[PDB]
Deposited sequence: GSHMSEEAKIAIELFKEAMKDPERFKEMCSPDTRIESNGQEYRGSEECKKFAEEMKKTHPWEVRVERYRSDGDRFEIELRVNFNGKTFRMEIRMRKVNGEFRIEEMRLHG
């Protein structure tokens, strides 16, 4: 429950700190939407992470399912971020994430 997400939340937060670590988390399934602009796939997501490197994160909301985790964050320039992740073999994949600020 709390722990898995913590790890999952922390991993994303740690991935926010390390741009290349973020590149690892992505799969071809990954879909990202930012300001009406869409990024989809392994390569495209890694390409997104580089742009995000140019940037105090607060977790406003969190939801838990065994397979998948839905997380809603506050980015602080202030923005709101929603992330959906699925746990695969002790590793976490970013199934989707949308940043609407």
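J.: Show which contiguous pieces of the deposited sequence have no C-alpha coordinates, counting from residue 1.
T.: According to the deposited record, C-alpha coordinates are absent for 1-3, 59-61, 83-85, which together make up the missing parts.
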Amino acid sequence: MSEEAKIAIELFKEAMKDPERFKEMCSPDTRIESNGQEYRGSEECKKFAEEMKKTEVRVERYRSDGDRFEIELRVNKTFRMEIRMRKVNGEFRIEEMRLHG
From here on, numbers count along this sequence of modelled residues.
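J.: Can you tell me whether 82-90 has a higher mean C-alpha B factor than 14-22 in this record, or the other way round?
T.: Looking at the record's C-alpha B-factors, the answer is 14-22.
J.: Per the entry, where is the mean C-alpha temperature factor higher: 59-67 or 44-52?
T.: The deposited B-factors put 44-52 ahead on the C-alpha mean.
J.: Going by the entry, which third of its chain does the Cα temperature factor of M97 land in?
T.: Answer is lowest: the recorded C-alpha B-factor places it there.
J.: Lowest, middle or highest third: where is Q37 by Cα B-factor in its chain?
T.: According to the entry, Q37 has a C-alpha B-factor in the chain's highest third.
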